[PDB]
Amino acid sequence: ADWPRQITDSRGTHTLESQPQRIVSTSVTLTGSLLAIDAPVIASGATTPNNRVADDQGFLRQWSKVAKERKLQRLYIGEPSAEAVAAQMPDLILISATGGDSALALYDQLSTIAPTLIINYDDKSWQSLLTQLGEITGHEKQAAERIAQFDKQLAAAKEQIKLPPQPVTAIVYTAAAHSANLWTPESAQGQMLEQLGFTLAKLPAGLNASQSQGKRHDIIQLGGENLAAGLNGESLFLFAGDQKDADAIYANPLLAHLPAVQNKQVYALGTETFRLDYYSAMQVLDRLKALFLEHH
């Protein structure tokens, strides 16, 4: 039989007696993947409504419409609340290990309400994460279907586009802060670009970020002099940004000497690409096609 089944965490192996039917996600990031495979996620943590990466509820933009259609409940905005979770009467609770949406501090408390699992999204492809969530929820078939849909579009996409100059740097840029976070090869963003045939730029020395003690594997912070130093690719991709962000880079005196700037190879991928799940991955495909189709 399919249930019960054991799922192993960083906190050991746990028993899911039966298929979850009321999943609460304390990670707004994880929620996108849950929705993509039609898992019964009935409530989610949210970030700040109408901020750079979220909709009017604090949900991530790429699955905003889906959450509204399904009447997804919002647990809280920003600060995690164990009582809010309890009130949803979950039979499974998910927590992200890293990121601003991690409710890891409430692990012990949440653990008393329902079986509770800790998931990393900082160190694996969106497909890997989807597959893992499929095992957790009993929606393996759905996860495989979503991945197959993408694989078909990818096979066509790789044929349809001509790559810009390599290697490339992928970031999230914060214009008024004159800073960026640089996506690593391990990050979902990095793995996706590699899958599409891109080579990520190697970093200078002094650039390397501790990821001991379970610290995140997805980004390297670029503040101060590290900004110009870290944007060293021949092309530059801005996730979670659109044209005004690319134009801000093109106009920044601090960055004027960089090759991606001087060769006009700075590309915005969209505000809905802060986190990668099936929905935003498909968007990234479409955008790369719009930018790089041979015939353009």
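Heads up: residue numbers just count along the shown sequence, starting at 1.
Chemist: Decide which of the stretches 206-214 and 186-194 has the higher mean C-alpha B-factor, going by the entry.
Modeler: If you average the C-alpha B-factors of 186-194 and of 206-214, the larger mean comes out for 206-214.
Chemist: Mean C-alpha B factor from the entry: is it higher for 28-36 or for 260-268?
Modeler: Averaged over C-alpha atoms, the B-factors run higher in 260-268.
Chemist: For the listed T169, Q160, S96, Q127, which has the peak Cα B-factor recorded in the PDB entry?
Modeler: The record points to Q160.
Chemist: Report the third (lowest, middle or highest) to which the CA temperature factor of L16 belongs, ranking only the modelled residues of the same chain.
Modeler: Highest third, going by the recorded CA B-factors of the chain.
Chemist: Ranking every modelled residue in this chain by its Cα temperature factor as given in the entry, which third contains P80?
Modeler: For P80, whose C-alpha B-factor we compare with every modelled residue in the chain, the answer is the highest third.
Chemist: Split the chain's modelled residues into thirds by Cα B-factor; is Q221 in the lowest, middle or highest one?
Modeler: It belongs to the lowest third of the chain when residues are ordered by C-alpha B-factor.
Chemist: How does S280 rank on Cα B-factor within its chain, lowest, middle or highest third?
Modeler: For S280, the deposited C-alpha B-factor lands in the lowest third.
Chemist: For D101, does the deposited CA B-factor place it in the lowest, middle or highest third of the chain?
Modeler: Answer is lowest: the recorded C-alpha B-factor places it there.
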